[PDB]
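Presented below is the structure to which this report refers.
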Amino acid sequence: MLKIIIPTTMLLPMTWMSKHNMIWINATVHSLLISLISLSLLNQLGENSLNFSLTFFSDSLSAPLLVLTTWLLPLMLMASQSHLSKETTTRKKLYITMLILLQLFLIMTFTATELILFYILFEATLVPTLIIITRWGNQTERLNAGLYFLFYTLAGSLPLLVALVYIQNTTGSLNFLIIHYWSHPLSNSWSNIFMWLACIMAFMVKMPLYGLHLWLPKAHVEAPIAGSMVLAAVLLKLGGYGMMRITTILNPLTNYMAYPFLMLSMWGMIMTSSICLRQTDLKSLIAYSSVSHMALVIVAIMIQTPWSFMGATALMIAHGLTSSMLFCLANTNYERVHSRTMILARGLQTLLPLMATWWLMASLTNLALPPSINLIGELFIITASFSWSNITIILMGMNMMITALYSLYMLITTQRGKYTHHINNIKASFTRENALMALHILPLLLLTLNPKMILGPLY
Amino acid sequence: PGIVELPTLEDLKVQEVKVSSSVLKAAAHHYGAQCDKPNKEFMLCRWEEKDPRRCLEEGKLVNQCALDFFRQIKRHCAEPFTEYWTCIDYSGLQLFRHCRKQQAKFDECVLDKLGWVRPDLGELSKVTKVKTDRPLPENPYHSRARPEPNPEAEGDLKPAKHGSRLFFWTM
């Protein structure tokens, strides 16, 4: 993985010494070649995970997420120099450095072999995101955002650390391959119940589960766009990925304690969706939609069914792409209006036809229009849940319904109407954002064409 | 838990030489010269055995020899010794410094009546070698068996198997 790690690390000196004008160009292009190199990592052996070294390995679950992060890295670079144009060169270089360190930590996380190293980099993603959210944020509760986000993450992270070190003392090693091959049945002891809770609740905090999901409507809504997309697209996937890794040594106990959280998500995905309907801000609506989709992924994880795992992975990838695109579109409109209430600027479909389209298939993919990978990922989870329990369907059946409502509602109330007369700053569509939504959208349908890649390790 | 063995009153029924401390001090040097063998044997027994309940017979024999010495000095040089020890007894600190003439009379009397000479300065404080015939106490302190020493650490050292073996650090 050092064919991807070493270039990512060496990307830091390039930006840190590039001229006052070349930082954006150089970072964008070289991150694009980094994504190209990581495109190779989609090469997967039939059943054996690709073990590059002792400390680094990859399989059909880590590789798609890694490719997602590496391909994403140019996208924040393209979305940031709009709101980062009027800044000192050193400050811009550090913003870029925060982004590269974030991507590097995500790569080491996804390619980590020992659970402790996975925890180290997984949590270590907090710091660059914290700096991005706090310093470069524009709204008020950004300072409150950082506190909420850090403390919510850590409150689950530390018990996970205690559980992992206890596992190391008892089992012998935290290596994934060992704990899977040398896996042993888990007894229904209450100490084992608390161990399962410690191993689960950190990822479920970052999932998020309903109830303890307040860090997203107070974090993604406030972060700069680059931070917002890197949060929603991948950082949410950290908990799902960790759960998929950890349920190997968390059975057969899970089912007995699967009952509270599963429905907590199942019911929660309704409320969040309902919360999406009666929203006032675009970014908050997208954040709550992300919460609902991630709750569906939670249900997929706790079913522990092959089909559930494949649908889960597909939903993570598709949701990352769709949420990043929706946040980018919201930023474009907000910057054009310097406000975020989704009533101030409506009826812009005529003014910006390409934005009107980009919003149209962004909503369609968010609404999971078949045969997009969003729809197949959702439907696989629906079928797995129905096999696990029939009634789930109606709740599932409710979700996209309400989702569809808001999935079109903002499009009705932001572009499908009459323009506001007193505003005039809406200029011609700068081709930067249009191109950015292109690099968002075309890979989505490309993966729709061949979903065997994002299908996960169960395929 | 045990027995505090004590020799019965019959063994320690010595003749109990009875002279005052001044009388003892007056005849100190000559007694040390002409009675060194019993004192030395008894003290070597005391220091070696470290048990006064064992060397009681040497305590008898030293008193016997001391009484013999005093009987001889009574029989041959009674008057000069009496005057010398009285003059020693007058002093509060019992110093030989004030009483030198009587010391001279006593010394010449015992020299020409019992063939004695006073030890020179420091002669009576030299470590002597005794020819006692008792065995050497194998365990004077009655020490029990010592605990076995911890297993000695030995052997060639090779690199630690698989490095530090501390989490993900392979090397």
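Quick note on naming: the chains in the structure tokens go A, B, ... in the order shown, residues restart at 1 in each chain, and ligands are numbered from 1 in order of appearance.
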Could you list, with a cut-off of 9 Å and counting only C-alpha atoms, the residues of chain B near chain A, each shown with its nearest atom pair and the distance in Å rounded to one decimal, rows sorted by chain and ascending number, as JSON lines?
```
{"residue": "B:167", "atom": "CA", "partner": "A:116", "partner_atom": "CA", "distance": 7.3}
{"residue": "B:168", "atom": "CA", "partner": "A:114", "partner_atom": "CA", "distance": 6.3}
{"residue": "B:169", "atom": "CA", "partner": "A:55", "partner_atom": "CA", "distance": 8.3}
{"residue": "B:170", "atom": "CA", "partner": "A:54", "partner_atom": "CA", "distance": 7.8}
```
- Message: When you look at residue 76 of chain B with a cut-off of 8 Å (counting only C-alpha atoms), what residues show up, excluding the ones that are within fewer than 4 positions of it in the same chain? I need them as a VMD selection string.
- Response: chain B and resid 72 110 113 to 114
- Message: I need the residues in segment 2-169 of chain B that are alpha helix (DSSP H) according to DSSP; give them as a ChimeraX atom specification.
- Response: /B:21-26,28-34,36-49,56-76,78-90,101-111
- Message: Report as number ranges by chain all protein, DNA and RNA residues lying within 7 Å of segment 121-123 of chain A, evaluated on only C-alpha atoms, omitting residues in the same chain fewer than 4 positions from it.
- Response: A: 105-106, 108-109, 117
- Message: Excluding segment 233-239 of chain A and its own-chain neighbours fewer than 3 positions away, which residues fall within 10 Å of it when counting only C-alpha atoms? Please give them as a PyMOL selection string.
- Response: chain A and resi 65-66+68-69+72+102-103+106+109-110+122-123+125-126+129+200-208+216+227-230+242-245+290-291+294+297-298+313+315-325+327
- Given the choices A:425, A:144, A:70, A:49, which gets closest to residue 337 of chain A if the distance is worked out from only C-alpha atoms?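 Checking each of A:425, A:144, A:70, A:49 against residue 337 of chain A, counting only C-alpha atoms, the winner is A:425.
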- Message: For residue 432 of chain A, find every residue with an atom within 10 Å (counting only C-alpha atoms), except residues of its own chain fewer than 4 positions away, and show them as JSON, numbers by chain.
- Response: {"A": [78, 79, 82, 436, 437, 438]}
With N, CA, C and O atoms retained, write the just-selected residues as a tab-separated table (two decimals), in the first residue's frame.
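Okay, result_23.tsv is ready:
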```
chain	number	residue	atom	x	y	z
A	78	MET	N	-11.27	20.96	-5.46
A	78	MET	CA	-12.00	21.72	-6.47
A	78	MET	C	-13.14	22.52	-5.84
A	78	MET	O	-13.57	23.54	-6.39
A	79	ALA	N	-13.67	22.06	-4.71
A	79	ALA	CA	-14.79	22.76	-4.09
A	79	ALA	C	-14.35	23.84	-3.11
A	79	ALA	O	-15.19	24.62	-2.65
A	82	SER	N	-13.07	28.29	-4.00
A	82	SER	CA	-14.07	29.34	-4.11
A	82	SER	C	-14.16	30.15	-2.82
A	82	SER	O	-14.03	31.38	-2.84
A	436	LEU	N	-17.46	19.97	-11.28
A	436	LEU	CA	-17.36	19.24	-10.02
A	436	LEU	C	-18.52	18.27	-9.85
A	436	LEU	O	-18.33	17.10	-9.49
A	437	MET	N	-19.75	18.74	-10.11
A	437	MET	CA	-20.87	17.81	-10.08
A	437	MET	C	-20.77	16.75	-11.17
A	437	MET	O	-21.28	15.65	-10.99
A	438	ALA	N	-20.09	17.05	-12.28
A	438	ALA	CA	-19.84	15.99	-13.26
A	438	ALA	C	-18.95	14.90	-12.66
A	438	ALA	O	-19.33	13.72	-12.61
```
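Excluding residue 53 of chain B itself and same-chain residues fewer than 5 positions from it, the residues having an atom within 9 Å of it are residues 5, 6 and 7 of chain B, counting only C-alpha atoms.
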For the residues in that selection, give me N, CA and C atoms as an mmCIF file, in the first residue's frame.
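That gives us again_21.cif:
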```cif
data_model
loop_
_atom_site.group_PDB
_atom_site.id
_atom_site.type_symbol
_atom_site.label_atom_id
_atom_site.label_comp_id
_atom_site.auth_asym_id
_atom_site.auth_seq_id
_atom_site.Cartn_x
_atom_site.Cartn_y
_atom_site.Cartn_z
ATOM 1 N N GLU B 5 16.883 -24.605 78.152
ATOM 2 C CA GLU B 5 17.668 -25.469 79.020
ATOM 3 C C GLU B 5 18.615 -24.628 79.869
ATOM 4 N N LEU B 6 18.667 -24.938 81.163
ATOM 5 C CA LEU B 6 19.511 -24.226 82.108
ATOM 6 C C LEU B 6 20.209 -25.253 82.991
ATOM 7 N N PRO B 7 21.537 -25.222 83.082
ATOM 8 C CA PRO B 7 22.229 -26.141 83.992
ATOM 9 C C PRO B 7 21.769 -25.929 85.426
#
```
Got a sec: who's within 9 Å of residue 183 of chain A, counting only C-alpha atoms, leaving out chain neighbours fewer than 4 positions off, as a short mmCIF file (atom, residue, chain, number, x, y, z; two decimals) with N, CA and C atoms, in the first residue's frame?
```cif
data_model
loop_
_atom_site.label_atom_id
_atom_site.label_comp_id
_atom_site.auth_asym_id
_atom_site.auth_seq_id
_atom_site.Cartn_x
_atom_site.Cartn_y
_atom_site.Cartn_z
N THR A 171 -7.43 -13.01 23.83
CA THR A 171 -7.34 -13.82 22.61
C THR A 171 -5.89 -14.06 22.21
N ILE A 178 -6.13 -13.34 12.25
CA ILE A 178 -6.07 -14.26 13.38
C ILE A 178 -7.43 -14.34 14.07
N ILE A 179 -8.04 -13.19 14.38
CA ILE A 179 -9.30 -13.20 15.11
C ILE A 179 -10.43 -13.79 14.29
N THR A 248 -17.08 -10.23 13.52
CA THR A 248 -16.54 -11.59 13.44
C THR A 248 -16.41 -12.21 14.82
N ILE A 249 -15.95 -11.44 15.80
CA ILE A 249 -15.76 -11.92 17.16
C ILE A 249 -16.87 -11.44 18.09
#
```
- Item | Coordinates-based distance that separates atom CA of residue 351 of chain A from atom CA of residue 232 of chain A (Å, one decimal) | 28.7 Å
- Query: Just how far from atom CA of residue 209 of chain A is atom CA of residue 274 of chain A, in Å to one decimal?
  - Reply: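 Atom CA of residue 209 of chain A lies at a distance of 16.0 Å from atom CA of residue 274 of chain A.
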- Message: Could you check the closest approach to residue 336 of chain A for each of A:428, A:67, A:286, A:454 and tell me which residue wins, using only C-alpha atoms?
- Response: A:428
- Message: Ranking A:38, A:390, A:21, A:15 by minimum distance to residue 95 of chain A and counting only C-alpha atoms, which one comes first?
- Response: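 Distance minimum relative to residue 95 of chain A lands on A:15.
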- Which residue, B:131, B:125, B:88, B:166, has the smallest gap to residue 42 of chain B when you use only C-alpha atoms?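 Looking at the shortest contact to residue 42 of chain B, the residue is B:131.
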- Query: Quick one, how far is atom CA of residue 18 of chain B from atom CA of residue 30 of chain B?
  - Reply: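 Atom-to-atom, atom CA of residue 18 of chain B and atom CA of residue 30 of chain B are spaced 17.8 Å apart.
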- Message: Considering only C-alpha atoms, can you say which of B:128, B:143, B:91, B:164 comes closest to residue 44 of chain B?
- Response: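 Between B:128, B:143, B:91, B:164, the residue approaching residue 44 of chain B most closely is B:128.
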- Go through B:43, B:74, B:27, B:10 one by one, measure the shortest atom-to-atom distance of each to residue 59 of chain B using only C-alpha atoms, and give the residue with the smallest value.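 Ranking B:43, B:74, B:27, B:10 by distance to residue 59 of chain B, first place goes to B:43.
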